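Shown here: target-v8.cif, mmCIF, C-alpha atoms.
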data_protein
#
loop_
_atom_site.group_PDB
_atom_site.id
_atom_site.type_symbol
_atom_site.label_atom_id
_atom_site.label_comp_id
_atom_site.auth_asym_id
_atom_site.auth_seq_id
_atom_site.Cartn_x
_atom_site.Cartn_y
_atom_site.Cartn_z
ATOM 1 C CA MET R 1 4.135 0.841 18.421
ATOM 2 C CA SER R 2 6.597 2.311 15.930
ATOM 3 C CA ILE R 3 6.597 1.759 12.150
ATOM 4 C CA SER R 4 8.256 -1.531 11.135
ATOM 5 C CA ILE R 5 9.680 -2.259 7.703
ATOM 6 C CA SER R 6 10.464 -5.686 6.209
ATOM 7 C CA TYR R 7 12.636 -5.760 3.072
ATOM 8 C CA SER R 8 14.284 -8.331 0.832
ATOM 9 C CA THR R 9 18.103 -8.041 0.982
ATOM 10 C CA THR R 10 17.940 -7.107 -2.728
ATOM 11 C CA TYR R 11 17.036 -3.568 -1.585
ATOM 12 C CA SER R 12 19.567 -3.290 1.286
ATOM 13 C CA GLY R 13 21.259 -0.278 -0.364
ATOM 14 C CA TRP R 14 18.112 1.389 -1.798
ATOM 15 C CA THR R 15 16.348 4.305 -0.136
ATOM 16 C CA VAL R 16 12.637 4.047 0.706
ATOM 17 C CA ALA R 17 11.742 6.991 -1.565
ATOM 18 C CA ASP R 18 13.633 5.352 -4.424
ATOM 19 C CA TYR R 19 11.877 1.999 -3.892
ATOM 20 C CA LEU R 20 8.406 3.612 -3.629
ATOM 21 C CA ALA R 21 8.900 5.812 -6.716
ATOM 22 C CA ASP R 22 10.228 2.795 -8.656
ATOM 23 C CA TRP R 23 7.523 0.280 -7.631
ATOM 24 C CA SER R 24 4.836 2.912 -8.391
ATOM 25 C CA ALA R 25 6.311 3.452 -11.901
ATOM 26 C CA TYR R 26 6.237 -0.349 -12.455
ATOM 27 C CA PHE R 27 2.714 -0.835 -11.119
ATOM 28 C CA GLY R 28 1.594 2.205 -13.066
ATOM 29 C CA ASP R 29 -1.996 3.374 -13.150
ATOM 30 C CA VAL R 30 -4.865 0.864 -13.326
ATOM 31 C CA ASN R 31 -7.235 3.697 -14.329
ATOM 32 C CA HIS R 32 -9.779 2.919 -11.608
ATOM 33 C CA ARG R 33 -11.703 6.183 -12.148
ATOM 34 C CA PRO R 34 -15.253 7.395 -12.907
ATOM 35 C CA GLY R 35 -16.392 5.971 -16.264
ATOM 36 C CA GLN R 36 -13.433 3.536 -16.411
ATOM 37 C CA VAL R 37 -14.404 0.601 -14.123
ATOM 38 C CA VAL R 38 -16.564 -1.666 -16.305
ATOM 39 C CA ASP R 39 -15.166 -5.173 -15.639
ATOM 40 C CA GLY R 40 -12.763 -7.124 -13.433
ATOM 41 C CA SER R 41 -9.482 -5.840 -14.881
ATOM 42 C CA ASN R 42 -8.869 -2.936 -12.470
ATOM 43 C CA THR R 43 -11.114 -3.535 -9.431
ATOM 44 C CA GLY R 44 -8.797 -5.420 -7.091
ATOM 45 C CA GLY R 45 -10.468 -7.395 -4.328
ATOM 46 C CA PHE R 46 -11.111 -7.677 -0.608
ATOM 47 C CA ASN R 47 -10.492 -10.560 1.774
ATOM 48 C CA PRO R 48 -12.987 -11.755 2.788
ATOM 49 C CA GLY R 49 -14.955 -9.145 0.833
ATOM 50 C CA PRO R 50 -17.008 -8.374 -1.023
ATOM 51 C CA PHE R 51 -16.713 -4.720 0.161
ATOM 52 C CA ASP R 52 -14.744 -4.993 3.427
ATOM 53 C CA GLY R 53 -11.797 -6.925 4.718
ATOM 54 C CA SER R 54 -8.573 -7.425 6.561
ATOM 55 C CA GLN R 55 -6.951 -6.989 3.127
ATOM 56 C CA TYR R 56 -7.504 -5.075 -0.085
ATOM 57 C CA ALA R 57 -5.202 -6.215 -2.908
ATOM 58 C CA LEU R 58 -4.664 -5.166 -6.497
ATOM 59 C CA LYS R 59 -2.505 -6.403 -9.356
ATOM 60 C CA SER R 60 -1.108 -4.059 -12.014
ATOM 61 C CA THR R 61 -2.503 -4.054 -15.560
ATOM 62 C CA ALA R 62 0.943 -2.903 -16.849
ATOM 63 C CA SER R 63 3.178 -5.502 -15.110
ATOM 64 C CA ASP R 64 3.128 -8.319 -12.513
ATOM 65 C CA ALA R 65 3.515 -5.725 -9.688
ATOM 66 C CA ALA R 66 0.952 -5.740 -6.917
ATOM 67 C CA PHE R 67 0.182 -4.484 -3.447
ATOM 68 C CA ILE R 68 -1.756 -5.637 -0.395
ATOM 69 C CA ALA R 69 -3.247 -3.117 2.029
ATOM 70 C CA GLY R 70 -3.799 -4.698 5.437
ATOM 71 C CA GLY R 71 -5.917 -3.618 8.372
ATOM 72 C CA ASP R 72 -9.650 -3.237 8.879
ATOM 73 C CA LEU R 73 -10.806 -1.765 5.595
ATOM 74 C CA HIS R 74 -14.202 -0.778 4.188
ATOM 75 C CA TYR R 75 -15.422 0.400 0.782
ATOM 76 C CA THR R 76 -18.570 2.521 0.623
ATOM 77 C CA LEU R 77 -19.278 1.632 -3.057
ATOM 78 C CA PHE R 78 -22.342 3.757 -4.021
ATOM 79 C CA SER R 79 -23.085 4.997 -0.511
ATOM 80 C CA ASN R 80 -22.455 8.590 0.646
ATOM 81 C CA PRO R 81 -19.563 9.381 0.688
ATOM 82 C CA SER R 82 -19.392 7.221 -2.429
ATOM 83 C CA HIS R 83 -16.308 5.242 -3.419
ATOM 84 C CA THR R 84 -14.442 5.815 -0.170
ATOM 85 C CA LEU R 85 -11.911 3.302 1.138
ATOM 86 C CA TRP R 86 -11.724 3.918 4.893
ATOM 87 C CA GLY R 87 -10.990 2.288 8.241
ATOM 88 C CA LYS R 88 -7.701 1.084 9.721
ATOM 89 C CA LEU R 89 -4.647 0.770 7.463
ATOM 90 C CA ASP R 90 -1.975 -1.121 9.402
ATOM 91 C CA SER R 91 0.230 -2.251 6.519
ATOM 92 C CA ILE R 92 1.181 -1.884 2.863
ATOM 93 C CA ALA R 93 3.007 -4.847 1.281
ATOM 94 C CA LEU R 94 4.633 -4.278 -2.123
ATOM 95 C CA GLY R 95 6.101 -6.725 -4.598
ATOM 96 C CA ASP R 96 5.248 -8.938 -7.581
ATOM 97 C CA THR R 97 2.952 -11.889 -8.371
ATOM 98 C CA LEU R 98 -0.209 -11.538 -6.311
ATOM 99 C CA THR R 99 -1.643 -14.883 -5.219
ATOM 100 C CA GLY R 100 -4.679 -16.042 -3.297
ATOM 101 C CA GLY R 101 -7.616 -13.863 -2.319
ATOM 102 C CA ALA R 102 -10.861 -14.428 -0.419
ATOM 103 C CA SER R 103 -11.269 -18.043 -1.639
ATOM 104 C CA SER R 104 -7.809 -18.870 -0.167
ATOM 105 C CA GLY R 105 -8.520 -16.955 3.066
ATOM 106 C CA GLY R 106 -5.855 -14.375 2.237
ATOM 107 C CA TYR R 107 -3.796 -12.598 -0.361
ATOM 108 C CA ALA R 108 -0.035 -13.004 -0.548
ATOM 109 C CA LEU R 109 2.773 -11.855 -2.810
ATOM 110 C CA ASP R 110 4.906 -14.680 -4.256
ATOM 111 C CA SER R 111 7.743 -12.121 -4.400
ATOM 112 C CA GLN R 112 7.147 -9.789 -1.461
ATOM 113 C CA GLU R 113 9.799 -7.103 -1.687
ATOM 114 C CA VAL R 114 9.033 -4.460 0.953
ATOM 115 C CA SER R 115 6.355 -4.046 3.590
ATOM 116 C CA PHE R 116 5.534 -1.099 5.834
ATOM 117 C CA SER R 117 3.619 -2.129 8.963
ATOM 118 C CA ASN R 118 2.421 -0.511 12.205
ATOM 119 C CA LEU R 119 1.289 2.433 10.082
ATOM 120 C CA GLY R 120 -1.407 3.226 12.673
ATOM 121 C CA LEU R 121 -3.537 5.013 10.077
ATOM 122 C CA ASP R 122 -7.229 5.282 10.892
ATOM 123 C CA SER R 123 -9.540 7.282 8.628
ATOM 124 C CA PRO R 124 -13.210 7.741 9.496
ATOM 125 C CA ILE R 125 -15.925 7.422 6.845
ATOM 126 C CA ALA R 126 -16.847 11.146 7.206
ATOM 127 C CA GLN R 127 -13.531 12.279 5.682
ATOM 128 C CA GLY R 128 -14.591 10.527 2.463
ATOM 129 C CA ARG R 129 -11.986 10.454 -0.300
ATOM 130 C CA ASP R 130 -9.967 13.155 1.572
ATOM 131 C CA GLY R 131 -9.105 10.553 4.251
ATOM 132 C CA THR R 132 -5.438 9.594 4.559
ATOM 133 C CA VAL R 133 -6.209 5.867 4.141
ATOM 134 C CA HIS R 134 -8.079 6.597 0.899
ATOM 135 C CA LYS R 135 -5.362 8.898 -0.438
ATOM 136 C CA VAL R 136 -2.602 6.409 0.409
ATOM 137 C CA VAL R 137 -4.297 3.400 -1.211
ATOM 138 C CA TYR R 138 -5.819 5.256 -4.179
ATOM 139 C CA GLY R 139 -2.397 6.837 -4.770
ATOM 140 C CA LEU R 140 -0.917 3.356 -5.195
ATOM 141 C CA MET R 141 -3.811 2.334 -7.462
ATOM 142 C CA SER R 142 -3.262 5.428 -9.636
ATOM 143 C CA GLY R 143 0.562 5.583 -10.092
ATOM 144 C CA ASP R 144 1.300 8.094 -7.322
ATOM 145 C CA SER R 145 3.036 6.909 -4.116
ATOM 146 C CA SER R 146 3.353 10.499 -2.745
ATOM 147 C CA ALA R 147 0.711 10.040 -0.038
ATOM 148 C CA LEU R 148 2.305 6.809 1.187
ATOM 149 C CA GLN R 149 5.765 8.426 1.087
ATOM 150 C CA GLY R 150 4.522 11.358 3.184
ATOM 151 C CA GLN R 151 3.098 9.037 5.857
ATOM 152 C CA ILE R 152 6.195 6.808 5.995
ATOM 153 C CA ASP R 153 8.410 9.895 6.338
ATOM 154 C CA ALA R 154 6.327 11.263 9.229
ATOM 155 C CA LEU R 155 6.260 7.866 10.973
ATOM 156 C CA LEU R 156 10.035 7.389 10.634
ATOM 157 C CA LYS R 157 10.759 10.857 12.063
ATOM 158 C CA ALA R 158 8.409 10.230 15.033
ATOM 159 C CA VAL R 159 10.570 7.237 16.091
ATOM 160 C CA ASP R 160 14.044 8.402 15.045
ATOM 161 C CA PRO R 161 14.527 11.952 13.611
ATOM 162 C CA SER R 162 17.627 10.759 11.677
ATOM 163 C CA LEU R 163 15.482 8.477 9.474
ATOM 164 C CA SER R 164 13.491 9.525 6.427
ATOM 165 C CA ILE R 165 12.365 8.215 3.053
ATOM 166 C CA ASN R 166 15.926 9.000 1.819
ATOM 167 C CA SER R 167 17.398 6.528 4.374
ATOM 168 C CA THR R 168 18.560 3.155 3.011
ATOM 169 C CA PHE R 169 16.798 -0.040 4.114
ATOM 170 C CA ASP R 170 19.987 -1.249 5.861
ATOM 171 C CA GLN R 171 20.160 2.156 7.587
ATOM 172 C CA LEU R 172 16.586 1.610 8.836
ATOM 173 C CA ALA R 173 17.555 -1.878 10.048
ATOM 174 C CA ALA R 174 20.615 -0.518 11.859
ATOM 175 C CA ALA R 175 18.335 2.017 13.577
ATOM 176 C CA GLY R 176 16.021 -0.782 14.800
ATOM 177 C CA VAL R 177 12.903 -0.068 12.674
ATOM 178 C CA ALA R 178 13.503 -2.586 9.856
ATOM 179 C CA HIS R 179 14.564 -6.155 9.214
ATOM 180 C CA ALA R 180 15.996 -7.861 6.166
ATOM 181 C CA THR R 181 14.486 -11.026 4.700
ATOM 182 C CA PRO R 182 16.310 -13.550 2.459
ATOM 183 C CA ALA R 183 16.186 -12.632 -1.254
ATOM 184 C CA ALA R 184 17.214 -16.109 -2.454
#
Rewritten as C-alpha cells:
Amino acid sequence: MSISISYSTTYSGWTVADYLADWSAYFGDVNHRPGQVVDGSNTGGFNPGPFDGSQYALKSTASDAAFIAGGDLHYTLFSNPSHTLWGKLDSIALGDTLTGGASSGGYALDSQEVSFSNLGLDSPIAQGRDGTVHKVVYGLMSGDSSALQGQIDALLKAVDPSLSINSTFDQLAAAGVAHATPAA
C-alpha cells in the first residue's frame, strides 16, 4: 500500500521538506559515533529490545525532540557488519516528549507531530551501514534528514506524481495520502 502521512493541524500549511529540515535542526546530533557512545545519553532504545524490536526510539540531547522508528528492526551491535540497523522500516514518527519504552510495552510521543507510515523499506543485513534503513535512521540520529527526505519524495511520486517533499501537508491530505489530527 501507498505511503500514508499523519500530521497535527499545526503543520497544515507546512511542506514536508520544511518540517523534516526543521525537526532535524531541533533534534540535532546526538553524536552516536565511534568513540562517543560511553553511557546511556545517546543510545536510544528498542522495544522490546535489547537489540531488536518493533520500535527503535531516541530522544534528543539538545531538546525534547524525539523520533520512533517502527517496523521489524535489528541491531548487529559488534557482529559483522558491526553497528548496522537493518530489517523492515514501516514508519517514522516525529515529535516531542518521548514516553514509555520496553517496560511499558511501547514507545509513544506525548506530542506526536508528523508520522510517515507504509514506507515499505526493507534492508538486508548484508548491505550493512549502506542499507537504506540504516541511512534513514542514522541520518535522524545524526542531524541529517536527507535520506528520509529522499525516500518520502520517491514514495510520494510513486502514488501521485504531483506530490513531493515541497507539497504542503493539507495538499497531501487533499490528494488522499495524508490525514490531519487535532492539534488541541
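When CA of residue 63 in chain R is paired with CA of residue 83 in chain R, their separation reads 25.1 Å.
Non-sequential neighbours of residue 173 in chain R (distance at most 12 Å, separation of 3 or more positions within a chain, all atoms listed in the file) are residues 3, 4, 5, 6, 7, 8, 9, 11, 12, 13, 15, 156, 160, 163, 167, 168, 169, 170, 176, 177, 178, 179, 180 and 181 of chain R.
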Residues matched by the PyMOL selection byres ((chain R and resi 101) around 9), written as a PyMOL selection string: chain R and resi 45-48+55+57+98-100+102-108
Store the residues picked out above, limited to C-alpha atoms, as an mmCIF file, in the frame of the given file.
data_model
loop_
_atom_site.group_PDB
_atom_site.id
_atom_site.type_symbol
_atom_site.label_atom_id
_atom_site.label_comp_id
_atom_site.auth_asym_id
_atom_site.auth_seq_id
_atom_site.Cartn_x
_atom_site.Cartn_y
_atom_site.Cartn_z
ATOM 1 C CA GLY R 45 -10.468 -7.395 -4.328
ATOM 2 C CA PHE R 46 -11.111 -7.677 -0.608
ATOM 3 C CA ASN R 47 -10.492 -10.560 1.774
ATOM 4 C CA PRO R 48 -12.987 -11.755 2.788
ATOM 5 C CA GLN R 55 -6.951 -6.989 3.127
ATOM 6 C CA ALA R 57 -5.202 -6.215 -2.908
ATOM 7 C CA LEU R 98 -0.209 -11.538 -6.311
ATOM 8 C CA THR R 99 -1.643 -14.883 -5.219
ATOM 9 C CA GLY R 100 -4.679 -16.042 -3.297
ATOM 10 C CA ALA R 102 -10.861 -14.428 -0.419
ATOM 11 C CA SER R 103 -11.269 -18.043 -1.639
ATOM 12 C CA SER R 104 -7.809 -18.870 -0.167
ATOM 13 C CA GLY R 105 -8.520 -16.955 3.066
ATOM 14 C CA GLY R 106 -5.855 -14.375 2.237
ATOM 15 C CA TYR R 107 -3.796 -12.598 -0.361
ATOM 16 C CA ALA R 108 -0.035 -13.004 -0.548
#
If we count all atoms listed in the file, what is near range 133-141 of chain R at a cut-off of 6 Å, once residues fewer than 5 positions away on the same chain are taken out, given as a PDB file with C-alpha atoms, keeping the file's coordinate frame?
ATOM      1  CA  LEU R  85     -11.911   3.302   1.138  1.00  0.00           C
ATOM      2  CA  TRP R  86     -11.724   3.918   4.893  1.00  0.00           C
ATOM      3  CA  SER R 123      -9.540   7.282   8.628  1.00  0.00           C
ATOM      4  CA  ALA R 147       0.711  10.040  -0.038  1.00  0.00           C
ATOM      5  CA  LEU R 148       2.305   6.809   1.187  1.00  0.00           C
TER       6      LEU R 148
END
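The smallest atom-to-atom distance between residue 97 in chain R and any of R:43, R:60, R:24, R:54, using all atoms listed in the file, is found for R:60.
Pairwise distance (CA of residue 61 in chain R, CA of residue 94 in chain R) equals 15.2 Å.
As for CA of residue 92 in chain R and CA of residue 162 in chain R, they are spaced 22.5 Å apart.
You can rank R:171, R:112, R:31, R:84 by their closest distance to residue 132 in chain R using only C-alpha atoms, and at the top of that list sits R:84.
Distances to residue 128 in chain R were evaluated for R:76, R:49, R:67, R:159 using only C-alpha atoms, and the minimum falls at R:76.
Comparing the minimum interatomic distances between residue 117 in chain R and each of R:1, R:154, R:165, R:183, counting all atoms listed in the file, we find that R:1 sits nearest.
Shortest separation to residue 23 in chain R among R:64, R:52, R:39, R:90 occurs at residue R:64, atoms counted being only C-alpha atoms.
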Within 12 Å of residue 22 in chain R, counting only C-alpha atoms, which residues show up once you throw out same-chain ones fewer than 2 positions away? Write them as a list in words, please. residues 11, 14, 15, 16, 17, 18, 19, 20, 24, 25, 26, 27, 28, 65, 94, 95, 140, 143, 144, 145 and 146 of chain R
Skip residue 119 in chain R itself and residues of its chain fewer than 4 positions away, then list as an NGL selection string all residues within 8 Å of it, counting all atoms listed in the file. :R and (2-3 or 89-91 or 152 or 155)
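Considering the residues R:121, R:58, R:93, R:113 and counting only C-alpha atoms, residue 184 in chain R has its shortest atom-to-atom contact with R:113.
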